[PDB]
Amino acid sequence: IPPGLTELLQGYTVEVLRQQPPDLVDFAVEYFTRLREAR
Amino acid sequence: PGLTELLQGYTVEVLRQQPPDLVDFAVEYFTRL
Amino acid sequence: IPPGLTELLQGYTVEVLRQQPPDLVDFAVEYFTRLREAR
Amino acid sequence: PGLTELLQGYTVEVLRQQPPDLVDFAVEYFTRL
Amino acid sequence: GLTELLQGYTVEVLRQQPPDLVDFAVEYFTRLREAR
Amino acid sequence: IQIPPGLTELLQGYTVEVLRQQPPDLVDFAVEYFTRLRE
Amino acid sequence: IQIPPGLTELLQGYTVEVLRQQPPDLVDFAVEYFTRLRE
Amino acid sequence: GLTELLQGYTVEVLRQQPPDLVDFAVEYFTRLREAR
Amino acid sequence: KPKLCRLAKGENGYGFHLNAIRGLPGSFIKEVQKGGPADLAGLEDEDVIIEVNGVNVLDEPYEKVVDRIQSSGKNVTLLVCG
Amino acid sequence: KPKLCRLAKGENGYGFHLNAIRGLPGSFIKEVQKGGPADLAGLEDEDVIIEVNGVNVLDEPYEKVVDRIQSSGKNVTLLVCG
Amino acid sequence: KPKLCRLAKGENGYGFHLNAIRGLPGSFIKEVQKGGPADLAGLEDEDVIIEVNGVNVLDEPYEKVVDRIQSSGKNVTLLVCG
Amino acid sequence: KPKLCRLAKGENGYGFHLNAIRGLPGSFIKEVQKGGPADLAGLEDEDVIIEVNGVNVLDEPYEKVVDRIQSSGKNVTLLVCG
Amino acid sequence: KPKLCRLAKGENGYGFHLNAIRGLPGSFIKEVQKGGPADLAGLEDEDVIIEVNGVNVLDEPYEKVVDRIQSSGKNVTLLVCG
Amino acid sequence: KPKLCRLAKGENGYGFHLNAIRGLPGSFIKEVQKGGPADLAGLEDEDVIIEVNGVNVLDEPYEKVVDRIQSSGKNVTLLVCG
Amino acid sequence: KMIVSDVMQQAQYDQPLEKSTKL
Amino acid sequence: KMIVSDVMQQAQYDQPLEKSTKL
Amino acid sequence: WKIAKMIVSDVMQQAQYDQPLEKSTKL
Amino acid sequence: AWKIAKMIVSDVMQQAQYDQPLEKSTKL
Amino acid sequence: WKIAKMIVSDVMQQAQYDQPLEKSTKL
Amino acid sequence: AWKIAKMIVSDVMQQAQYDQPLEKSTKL
């Protein structure tokens, strides 16, 4: 198993539960883009 | 409904690859999606 | 940790999720009474 | 709401006792409740 | 293989109980080696 | 069946001598050792 | 610095002889053993 | 403590390389014990 | 050969027995109900159990293992070797 | 003395560091932010970690342990000894 | 398939051989004298030894085990698996 | 049946396959090339590996073991049990 | 608080003592000759030894460790914790 | 500082307390009765226990150990480290 | 299940934290 | 979390089930 | 004493070996 | 007389091992 | 050969000991 | 010449141990 993955999926998932957009893949894409660009 | 399947697809793709870079990978991967 | 406990609490709990009586302790009592008398 | 607290009370009571009999104990315990 | 040795000797002490031991031990192990 | 006076001490002496040496040969060693004793 | 012809074989013989014996004394044993050799 | 022994000897072979070894080993360990 | 197979508890359990031996580590399958769940999922007598629901129980007491098996409700997924 | 204490991640993490040593087993606390969460929960430098969220990590790699710590979200509960 | 069987030392020992492998843990029966004590008590080649006189020798050195067996005098009772 | 046999790397490698199972310890020989080096030195499928170049790999990760084996250049010497 | 320090064999050895306890694993420094090599490289009584020449001796017999140390000739490099 | 010392059960027991920590291995002395048997044989708080009657309890459950200690009747002999 | 298991760890951590037996 | 963790075990069990390396 | 113990322990092993010799649980 | 005989021998044994040594130091 | 290996392995330990000597992670 | 010398000695060693024995049987 990977090192720091659970935290990533967790952040994302908890963000899905607080929103539940009828669209996910767009949301995932956008969300991780928001991520990297943050970093 | 359908979340587990998404994370699973991505995760399994992580295991087959393990790029030294993940968020770029995640972004890219879902864009691909 | 006890041996066969998780199965018990599980049965009960899954029964709480399928019902959600506004009353629990009565329900628990009654439910385990139903249990023993079954056994 | 409030389930965990109930099971916890019971369980902790199981650990302090460990009767060779549980469902009788559960029944009795919740009746006591 | 020590326990076996002391055991043999000891059980031989219980079946005899000579008022003398060290002589008996000496003699007994002498009997041993010469056997071997 | 008599446990006579001072057996444990004897075996003890011998044994502790085996542990400080561990000759590849024992029976010879025992014989010799008790001969050393009596004499 | 020359690794001469057949050292490993020598040490090997000696060593394997140490493992089959393990005398509480070594240098005496080595001396004696190689004396046994040359002769 | 074997590795130390063979090591001493061997390093002494590398600093000499006598056309003769067994004599040298014998002699060298004789030098050893008598030292001890 | 290893088998990963998931079992769904039937009218009579998963239809098999756990067996251990008395101071050997490890837990193994012994009695597989013909046509029962364990059987259809491919299990065979004496298959040695490695993972329950993704967990290795090789170093775990037979009791602990039986319990982990029952603790999964409708289903339990097993990794065995046979 | 053992301490069981739960920590709730603050503006700057739980406000402490994990440290391990290079081929020693075990993982320990070293830098406790004064007034930070770890500090208020009673932790002190060099407290040795035993359980994370109820799990013993004594036999687990420093990496594995750090990861289990982060993987709990808002909170993580620790059993240590010091 | 486990056997608990007690042996009574015959004209030639219990009439079998202990055998271990170099660097593998465990100790196991090798040569069973037909008609000998080991044989009549059911033992078979390669039965793996678990308990000697009710003690668990799995984690013990072949040497400690052989010794344990001889140390019991007229008899020794074994639990093996085969 | 323990075998200690040394291999000398052929045209094809030592001409066999290491194989481990997922979540079981131990590493074992799977496919032995007919006439290949592993084969002529006696190895057979499922022989379990104990020592590589005189080292005990029983408790080591399949990965570490494979690596250990390649790391020896022209040759590698194995102790197995089958 | 870990030290990696290399020693160079002096007039009297590296000038310290290895010490182990009877039935405890681990090996540790006991007597450091003041001014001696061990001392100048920083070692202190009871520093626990981890690596000898980059090898992990935690799980190794005091005897194997002492031997490992002498086997390195002019020098030996230690990783300890104190 | 290893101590091997034998105790002879007093009016009060051996007059001390075993203590273990929850989820740490090892068992250790906690409270030594002044003038009590443990005390006069040299024991001190937090001395860690290694052998009971010549047996190594490092890897054994606090429970098993306590039991081991009571099981010896008039006396029990301990090896500890402090 | 989430509930049940979380219950459990909540319970164990409810002590005891050490074990002493007068000897 | 329930979700995430269950995801994980679903993934690992998605193979591989053995490891062979030609040597 | 020493005897007393001999007895007790020997009892013990005599008991454990009194079975059971295996463990099966219907699943 | 056996069972006894053993009792003795083994008890001897542990009596011996515990007769030290209690530690191991080797000058290095 | 034998040499070649000597070299490589000695390299290795020389590298690992090139640090790091501890591990801290801000938490 | 050292580093070498060791190489030799240790390699000797493993050469010896692997010179058998490969199993242990004791008639009982």
# chains A, B, ... in the order shown; residues from 1 in each chain; ligands from 1
$ interface_residues --of "chain S" --to "chain M" --cutoff "9 Å" --atoms "only C-alpha atoms" --output "short mmCIF file (atom, residue, chain, number, x, y, z; two decimals) with N, CA, C and O atoms, in the first residue's frame"
data_model
loop_
_atom_site.label_atom_id
_atom_site.label_comp_id
_atom_site.auth_asym_id
_atom_site.auth_seq_id
_atom_site.Cartn_x
_atom_site.Cartn_y
_atom_site.Cartn_z
N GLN S 13 27.02 0.11 2.03
CA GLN S 13 27.03 0.57 3.43
C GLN S 13 27.58 2.01 3.55
O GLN S 13 27.10 2.80 4.39
N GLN S 14 28.55 2.35 2.71
CA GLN S 14 29.07 3.71 2.73
C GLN S 14 27.97 4.70 2.43
O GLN S 14 27.98 5.81 2.95
N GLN S 16 24.42 4.21 2.86
CA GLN S 16 23.35 4.29 3.86
C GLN S 16 23.79 5.14 5.05
O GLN S 16 22.99 5.90 5.60
N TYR S 17 25.07 5.04 5.39
CA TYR S 17 25.60 5.67 6.59
C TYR S 17 25.84 7.14 6.31
O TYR S 17 26.28 7.89 7.16
N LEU S 21 20.26 10.48 9.73
CA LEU S 21 20.40 9.78 11.01
C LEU S 21 19.18 9.76 11.92
O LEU S 21 19.22 9.15 12.97
N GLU S 22 18.09 10.41 11.53
CA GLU S 22 16.87 10.42 12.35
C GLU S 22 15.69 10.81 11.47
O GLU S 22 15.86 11.18 10.32
#
$ residues_around --residues "residue H:15" --least-positions-apart "5" --cutoff "9 Å" --atoms "only C-alpha atoms" --output "list in words"
residues 1 and 2 of chain G; 10 of chain H; 1 of chain T
$ calpha_fit_and_write --fixed "chain Q" --moving "chain S" --output "PDB file with N, CA and C atoms, in the first residue's frame"
ATOM      1  N   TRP S   1       6.253 -31.061  49.259  1.00  0.00           N
ATOM      2  CA  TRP S   1       6.625 -29.935  48.387  1.00  0.00           C
ATOM      3  C   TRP S   1       7.048 -30.275  46.963  1.00  0.00           C
ATOM      4  N   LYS S   2       8.354 -30.442  46.764  1.00  0.00           N
ATOM      5  CA  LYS S   2       8.916 -30.659  45.431  1.00  0.00           C
ATOM      6  C   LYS S   2       8.048 -31.695  44.765  1.00  0.00           C
ATOM      7  N   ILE S   3       7.859 -32.784  45.496  1.00  0.00           N
ATOM      8  CA  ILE S   3       6.898 -33.808  45.159  1.00  0.00           C
ATOM      9  C   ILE S   3       5.527 -33.201  44.826  1.00  0.00           C
ATOM     10  N   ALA S   4       4.943 -32.479  45.777  1.00  0.00           N
ATOM     11  CA  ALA S   4       3.611 -31.935  45.613  1.00  0.00           C
ATOM     12  C   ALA S   4       3.453 -31.323  44.252  1.00  0.00           C
ATOM     13  N   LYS S   5       4.405 -30.475  43.908  1.00  0.00           N
ATOM     14  CA  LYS S   5       4.441 -29.886  42.581  1.00  0.00           C
ATOM     15  C   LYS S   5       4.489 -30.958  41.487  1.00  0.00           C
ATOM     16  N   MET S   6       5.422 -31.899  41.607  1.00  0.00           N
ATOM     17  CA  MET S   6       5.557 -32.949  40.604  1.00  0.00           C
ATOM     18  C   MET S   6       4.172 -33.408  40.262  1.00  0.00           C
ATOM     19  N   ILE S   7       3.494 -33.908  41.283  1.00  0.00           N
ATOM     20  CA  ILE S   7       2.100 -34.323  41.173  1.00  0.00           C
ATOM     21  C   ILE S   7       1.227 -33.331  40.409  1.00  0.00           C
ATOM     22  N   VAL S   8       1.060 -32.133  40.951  1.00  0.00           N
ATOM     23  CA  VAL S   8       0.208 -31.163  40.272  1.00  0.00           C
ATOM     24  C   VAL S   8       0.507 -30.996  38.761  1.00  0.00           C
ATOM     25  N   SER S   9       1.717 -30.581  38.400  1.00  0.00           N
ATOM     26  CA  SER S   9       2.042 -30.434  36.986  1.00  0.00           C
ATOM     27  C   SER S   9       1.706 -31.683  36.144  1.00  0.00           C
ATOM     28  N   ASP S  10       2.107 -32.859  36.628  1.00  0.00           N
ATOM     29  CA  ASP S  10       1.820 -34.104  35.899  1.00  0.00           C
ATOM     30  C   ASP S  10       0.313 -34.300  35.702  1.00  0.00           C
ATOM     31  N   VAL S  11      -0.438 -34.042  36.759  1.00  0.00           N
ATOM     32  CA  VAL S  11      -1.871 -33.908  36.624  1.00  0.00           C
ATOM     33  C   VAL S  11      -2.204 -33.061  35.394  1.00  0.00           C
ATOM     34  N   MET S  12      -1.782 -31.808  35.423  1.00  0.00           N
ATOM     35  CA  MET S  12      -2.084 -30.869  34.344  1.00  0.00           C
ATOM     36  C   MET S  12      -1.907 -31.480  32.954  1.00  0.00           C
ATOM     37  N   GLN S  13      -0.677 -31.839  32.593  1.00  0.00           N
ATOM     38  CA  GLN S  13      -0.507 -32.410  31.248  1.00  0.00           C
ATOM     39  C   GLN S  13      -1.435 -33.622  31.013  1.00  0.00           C
ATOM     40  N   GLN S  14      -1.668 -34.407  32.067  1.00  0.00           N
ATOM     41  CA  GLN S  14      -2.582 -35.526  31.936  1.00  0.00           C
ATOM     42  C   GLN S  14      -3.961 -35.043  31.532  1.00  0.00           C
ATOM     43  N   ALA S  15      -4.340 -33.862  31.999  1.00  0.00           N
ATOM     44  CA  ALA S  15      -5.651 -33.308  31.679  1.00  0.00           C
ATOM     45  C   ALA S  15      -5.735 -32.774  30.256  1.00  0.00           C
ATOM     46  N   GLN S  16      -4.776 -31.942  29.865  1.00  0.00           N
ATOM     47  CA  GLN S  16      -4.870 -31.332  28.539  1.00  0.00           C
ATOM     48  C   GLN S  16      -4.938 -32.402  27.457  1.00  0.00           C
ATOM     49  N   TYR S  17      -4.216 -33.497  27.679  1.00  0.00           N
ATOM     50  CA  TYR S  17      -4.060 -34.536  26.673  1.00  0.00           C
ATOM     51  C   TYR S  17      -5.295 -35.412  26.677  1.00  0.00           C
ATOM     52  N   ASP S  18      -6.230 -35.054  27.537  1.00  0.00           N
ATOM     53  CA  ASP S  18      -7.484 -35.772  27.677  1.00  0.00           C
ATOM     54  C   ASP S  18      -8.448 -35.233  26.651  1.00  0.00           C
ATOM     55  N   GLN S  19      -7.882 -34.556  25.649  1.00  0.00           N
ATOM     56  CA  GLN S  19      -8.651 -34.022  24.530  1.00  0.00           C
ATOM     57  C   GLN S  19      -9.246 -32.687  24.909  1.00  0.00           C
ATOM     58  N   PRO S  20      -9.837 -31.985  23.933  1.00  0.00           N
ATOM     59  CA  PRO S  20     -10.127 -32.473  22.579  1.00  0.00           C
ATOM     60  C   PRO S  20      -8.888 -32.480  21.715  1.00  0.00           C
ATOM     61  N   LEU S  21      -8.912 -33.269  20.652  1.00  0.00           N
ATOM     62  CA  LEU S  21      -7.773 -33.328  19.738  1.00  0.00           C
ATOM     63  C   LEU S  21      -7.880 -32.515  18.450  1.00  0.00           C
ATOM     64  N   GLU S  22      -9.003 -31.856  18.214  1.00  0.00           N
ATOM     65  CA  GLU S  22      -9.163 -31.037  17.009  1.00  0.00           C
ATOM     66  C   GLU S  22     -10.301 -30.051  17.226  1.00  0.00           C
ATOM     67  N   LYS S  23     -10.519 -29.145  16.301  1.00  0.00           N
ATOM     68  CA  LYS S  23     -11.599 -28.198  16.516  1.00  0.00           C
ATOM     69  C   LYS S  23     -12.364 -27.959  15.236  1.00  0.00           C
ATOM     70  N   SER S  24     -13.627 -28.354  15.188  1.00  0.00           N
ATOM     71  CA  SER S  24     -14.420 -28.017  14.013  1.00  0.00           C
ATOM     72  C   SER S  24     -15.601 -27.154  14.444  1.00  0.00           C
ATOM     73  N   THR S  25     -15.882 -26.103  13.670  1.00  0.00           N
ATOM     74  CA  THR S  25     -17.064 -25.262  13.881  1.00  0.00           C
ATOM     75  C   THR S  25     -17.884 -25.159  12.582  1.00  0.00           C
ATOM     76  N   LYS S  26     -19.133 -25.629  12.604  1.00  0.00           N
ATOM     77  CA  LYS S  26     -19.990 -25.469  11.429  1.00  0.00           C
ATOM     78  C   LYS S  26     -20.040 -24.012  11.056  1.00  0.00           C
ATOM     79  N   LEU S  27     -19.820 -23.751   9.784  1.00  0.00           N
ATOM     80  CA  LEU S  27     -19.921 -22.399   9.296  1.00  0.00           C
ATOM     81  C   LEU S  27     -20.884 -22.327   8.130  1.00  0.00           C
TER      82      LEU S  27
END
$ residues_around --residues "residue J:41" --least-positions-apart "4" --cutoff "8 Å" --atoms "only C-alpha atoms" --output "ChimeraX atom specification"
/J:5-7,37
$ residues_around --residues "residue R:26" --least-positions-apart "6" --cutoff "7 Å" --atoms "only C-alpha atoms" --output "list in words"
residues 17, 18 and 19 of chain M
$ write_last_selection --atoms "N, CA and C atoms" --output "CSV table (one decimal), in the first residue's frame"
chain,number,residue,atom,x,y,z
M,17,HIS,N,34.2,-2.0,26.4
M,17,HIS,CA,33.7,-3.4,26.6
M,17,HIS,C,32.3,-3.5,26.1
M,18,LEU,N,32.1,-4.6,25.4
M,18,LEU,CA,30.8,-5.0,25.0
M,18,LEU,C,30.2,-5.8,26.2
M,19,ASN,N,28.9,-5.6,26.4
M,19,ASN,CA,28.3,-6.3,27.5
M,19,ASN,C,27.0,-6.7,27.0
$ calpha_fit_and_write --fixed "chain H" --moving "chain E" --output "PDB file with N, CA and C atoms, in the first residue's frame"
ATOM      1  N   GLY E   1      35.900 -16.234  17.269  1.00  0.00           N
ATOM      2  CA  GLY E   1      37.228 -15.660  17.169  1.00  0.00           C
ATOM      3  C   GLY E   1      38.112 -16.307  16.120  1.00  0.00           C
ATOM      4  N   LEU E   2      37.495 -17.065  15.215  1.00  0.00           N
ATOM      5  CA  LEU E   2      38.196 -17.727  14.108  1.00  0.00           C
ATOM      6  C   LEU E   2      38.623 -16.756  12.996  1.00  0.00           C
ATOM      7  N   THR E   3      37.690 -15.898  12.589  1.00  0.00           N
ATOM      8  CA  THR E   3      37.921 -14.930  11.530  1.00  0.00           C
ATOM      9  C   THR E   3      39.130 -14.056  11.825  1.00  0.00           C
ATOM     10  N   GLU E   4      39.300 -13.699  13.093  1.00  0.00           N
ATOM     11  CA  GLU E   4      40.436 -12.890  13.518  1.00  0.00           C
ATOM     12  C   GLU E   4      41.731 -13.659  13.293  1.00  0.00           C
ATOM     13  N   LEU E   5      41.710 -14.947  13.616  1.00  0.00           N
ATOM     14  CA  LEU E   5      42.890 -15.788  13.476  1.00  0.00           C
ATOM     15  C   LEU E   5      43.298 -15.899  12.026  1.00  0.00           C
ATOM     16  N   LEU E   6      42.371 -16.374  11.203  1.00  0.00           N
ATOM     17  CA  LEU E   6      42.666 -16.551   9.787  1.00  0.00           C
ATOM     18  C   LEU E   6      43.073 -15.223   9.186  1.00  0.00           C
ATOM     19  N   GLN E   7      42.434 -14.155   9.632  1.00  0.00           N
ATOM     20  CA  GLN E   7      42.767 -12.831   9.145  1.00  0.00           C
ATOM     21  C   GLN E   7      44.237 -12.490   9.417  1.00  0.00           C
ATOM     22  N   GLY E   8      44.660 -12.624  10.676  1.00  0.00           N
ATOM     23  CA  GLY E   8      46.044 -12.358  11.041  1.00  0.00           C
ATOM     24  C   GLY E   8      46.997 -13.131  10.151  1.00  0.00           C
ATOM     25  N   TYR E   9      46.769 -14.438  10.088  1.00  0.00           N
ATOM     26  CA  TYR E   9      47.603 -15.283   9.260  1.00  0.00           C
ATOM     27  C   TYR E   9      47.630 -14.787   7.824  1.00  0.00           C
ATOM     28  N   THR E  10      46.451 -14.558   7.253  1.00  0.00           N
ATOM     29  CA  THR E  10      46.333 -14.240   5.831  1.00  0.00           C
ATOM     30  C   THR E  10      47.039 -12.944   5.484  1.00  0.00           C
ATOM     31  N   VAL E  11      46.769 -11.923   6.281  1.00  0.00           N
ATOM     32  CA  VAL E  11      47.414 -10.653   6.076  1.00  0.00           C
ATOM     33  C   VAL E  11      48.937 -10.826   6.174  1.00  0.00           C
ATOM     34  N   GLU E  12      49.381 -11.775   6.999  1.00  0.00           N
ATOM     35  CA  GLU E  12      50.806 -12.092   7.041  1.00  0.00           C
ATOM     36  C   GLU E  12      51.306 -12.824   5.809  1.00  0.00           C
ATOM     37  N   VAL E  13      50.424 -13.560   5.144  1.00  0.00           N
ATOM     38  CA  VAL E  13      50.779 -14.159   3.855  1.00  0.00           C
ATOM     39  C   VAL E  13      50.898 -13.127   2.742  1.00  0.00           C
ATOM     40  N   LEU E  14      50.066 -12.100   2.799  1.00  0.00           N
ATOM     41  CA  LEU E  14      50.087 -11.093   1.759  1.00  0.00           C
ATOM     42  C   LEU E  14      51.309 -10.196   1.858  1.00  0.00           C
ATOM     43  N   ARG E  15      51.813 -10.019   3.073  1.00  0.00           N
ATOM     44  CA  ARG E  15      53.018  -9.228   3.299  1.00  0.00           C
ATOM     45  C   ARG E  15      54.314 -10.002   3.069  1.00  0.00           C
ATOM     46  N   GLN E  16      54.210 -11.289   2.759  1.00  0.00           N
ATOM     47  CA  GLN E  16      55.390 -12.133   2.582  1.00  0.00           C
ATOM     48  C   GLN E  16      55.359 -12.954   1.298  1.00  0.00           C
ATOM     49  N   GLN E  17      54.367 -13.823   1.203  1.00  0.00           N
ATOM     50  CA  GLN E  17      54.221 -14.734   0.078  1.00  0.00           C
ATOM     51  C   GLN E  17      55.400 -15.673  -0.027  1.00  0.00           C
ATOM     52  N   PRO E  18      55.670 -16.417   1.051  1.00  0.00           N
ATOM     53  CA  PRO E  18      56.745 -17.403   0.952  1.00  0.00           C
ATOM     54  C   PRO E  18      56.376 -18.472  -0.074  1.00  0.00           C
ATOM     55  N   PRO E  19      57.349 -18.913  -0.882  1.00  0.00           N
ATOM     56  CA  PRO E  19      57.107 -19.977  -1.860  1.00  0.00           C
ATOM     57  C   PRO E  19      56.620 -21.227  -1.143  1.00  0.00           C
ATOM     58  N   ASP E  20      56.741 -21.220   0.181  1.00  0.00           N
ATOM     59  CA  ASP E  20      56.278 -22.315   1.021  1.00  0.00           C
ATOM     60  C   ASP E  20      55.260 -21.837   2.042  1.00  0.00           C
ATOM     61  N   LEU E  21      54.164 -22.576   2.150  1.00  0.00           N
ATOM     62  CA  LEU E  21      53.015 -22.165   2.950  1.00  0.00           C
ATOM     63  C   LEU E  21      52.811 -23.011   4.207  1.00  0.00           C
ATOM     64  N   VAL E  22      52.635 -24.317   4.031  1.00  0.00           N
ATOM     65  CA  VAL E  22      52.393 -25.207   5.162  1.00  0.00           C
ATOM     66  C   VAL E  22      53.492 -25.114   6.197  1.00  0.00           C
ATOM     67  N   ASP E  23      54.739 -25.117   5.752  1.00  0.00           N
ATOM     68  CA  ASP E  23      55.817 -24.861   6.685  1.00  0.00           C
ATOM     69  C   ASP E  23      55.517 -23.534   7.360  1.00  0.00           C
ATOM     70  N   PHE E  24      55.198 -22.527   6.555  1.00  0.00           N
ATOM     71  CA  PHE E  24      54.966 -21.191   7.082  1.00  0.00           C
ATOM     72  C   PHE E  24      53.811 -21.129   8.055  1.00  0.00           C
ATOM     73  N   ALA E  25      52.731 -21.843   7.755  1.00  0.00           N
ATOM     74  CA  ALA E  25      51.570 -21.886   8.646  1.00  0.00           C
ATOM     75  C   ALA E  25      51.952 -22.523   9.967  1.00  0.00           C
ATOM     76  N   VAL E  26      52.546 -23.708   9.887  1.00  0.00           N
ATOM     77  CA  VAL E  26      53.017 -24.422  11.059  1.00  0.00           C
ATOM     78  C   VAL E  26      53.810 -23.487  11.942  1.00  0.00           C
ATOM     79  N   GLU E  27      54.879 -22.968  11.357  1.00  0.00           N
ATOM     80  CA  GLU E  27      55.815 -22.098  12.037  1.00  0.00           C
ATOM     81  C   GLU E  27      55.129 -20.884  12.624  1.00  0.00           C
ATOM     82  N   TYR E  28      54.200 -20.321  11.871  1.00  0.00           N
ATOM     83  CA  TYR E  28      53.506 -19.104  12.271  1.00  0.00           C
ATOM     84  C   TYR E  28      52.600 -19.295  13.471  1.00  0.00           C
ATOM     85  N   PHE E  29      51.889 -20.415  13.501  1.00  0.00           N
ATOM     86  CA  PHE E  29      51.030 -20.712  14.638  1.00  0.00           C
ATOM     87  C   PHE E  29      51.827 -21.188  15.827  1.00  0.00           C
ATOM     88  N   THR E  30      52.976 -21.815  15.565  1.00  0.00           N
ATOM     89  CA  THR E  30      53.901 -22.183  16.628  1.00  0.00           C
ATOM     90  C   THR E  30      54.377 -20.903  17.306  1.00  0.00           C
ATOM     91  N   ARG E  31      54.790 -19.944  16.486  1.00  0.00           N
ATOM     92  CA  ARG E  31      55.113 -18.603  16.957  1.00  0.00           C
ATOM     93  C   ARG E  31      53.941 -18.038  17.776  1.00  0.00           C
ATOM     94  N   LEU E  32      52.718 -18.277  17.297  1.00  0.00           N
ATOM     95  CA  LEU E  32      51.510 -17.871  18.024  1.00  0.00           C
ATOM     96  C   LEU E  32      51.390 -18.446  19.434  1.00  0.00           C
ATOM     97  N   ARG E  33      51.136 -19.749  19.534  1.00  0.00           N
ATOM     98  CA  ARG E  33      50.943 -20.383  20.835  1.00  0.00           C
ATOM     99  C   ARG E  33      52.064 -20.009  21.781  1.00  0.00           C
ATOM    100  N   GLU E  34      53.298 -20.213  21.335  1.00  0.00           N
ATOM    101  CA  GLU E  34      54.419 -19.895  22.200  1.00  0.00           C
ATOM    102  C   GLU E  34      54.334 -18.431  22.651  1.00  0.00           C
ATOM    103  N   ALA E  35      53.829 -17.555  21.788  1.00  0.00           N
ATOM    104  CA  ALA E  35      53.562 -16.197  22.240  1.00  0.00           C
ATOM    105  C   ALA E  35      52.571 -16.223  23.408  1.00  0.00           C
ATOM    106  N   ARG E  36      51.379 -16.780  23.169  1.00  0.00           N
ATOM    107  CA  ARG E  36      50.300 -16.840  24.175  1.00  0.00           C
ATOM    108  C   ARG E  36      50.786 -17.360  25.536  1.00  0.00           C
TER     109      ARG E  36
END
$ atom_distance --atom1 "atom CA of residue A:13" --atom2 "atom CA of residue I:69"
29.0 Å
$ closest_residue --among "J:67, J:31, J:21, J:26" --to "residue M:50" --atoms "only C-alpha atoms"
J:21
$ residues_around --residues "stretch 3-7 of chain P" --least-positions-apart "5" --cutoff "7 Å" --atoms "only C-alpha atoms" --output "list in words"
residues 10 of chain A; 4, 7 and 8 of chain B
$ write_last_selection --atoms "N, CA and C atoms" --output "short mmCIF file (atom, residue, chain, number, x, y, z; two decimals), in the first residue's frame"
data_model
loop_
_atom_site.label_atom_id
_atom_site.label_comp_id
_atom_site.auth_asym_id
_atom_site.auth_seq_id
_atom_site.Cartn_x
_atom_site.Cartn_y
_atom_site.Cartn_z
N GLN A 10 -9.46 10.64 1.33
CA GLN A 10 -10.29 11.14 2.41
C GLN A 10 -10.72 12.59 2.14
N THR B 4 -17.31 4.47 -4.58
CA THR B 4 -16.37 3.39 -4.32
C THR B 4 -15.77 2.91 -5.62
N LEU B 7 -13.11 5.61 -6.82
CA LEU B 7 -11.88 5.61 -6.05
C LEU B 7 -11.16 4.33 -6.36
N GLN B 8 -11.90 3.24 -6.49
CA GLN B 8 -11.27 1.98 -6.76
C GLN B 8 -10.54 2.01 -8.09
#
$ interface_residues --of "chain A" --to "chain J" --cutoff "7 Å" --atoms "only C-alpha atoms" --output "MDAnalysis selection string"
chainID A and resid 3:4 6:7
$ select_by_dssp --residues "chain H" --states "alpha helix (DSSP H)" --output "PyMOL selection string"
chain H and resi 2-14+22-35
$ atom_distance --atom1 "atom CA of residue G:28" --atom2 "atom CA of residue T:8"
23.1 Å
$ select_by_dssp --residues "chain S" --states "strand (DSSP E or B)" --output "ChimeraX atom specification"
/S:22-26
$ closest_atom_pairs --of "chain M" --to "chain N" --cutoff "10 Å" --atoms "only C-alpha atoms" --output "CSV"
residue,atom,partner,partner_atom,distance
M:21,CA,N:2,CA,7.3
M:22,CA,N:2,CA,8.5
M:23,CA,N:56,CA,7.1
M:24,CA,N:50,CA,7.2
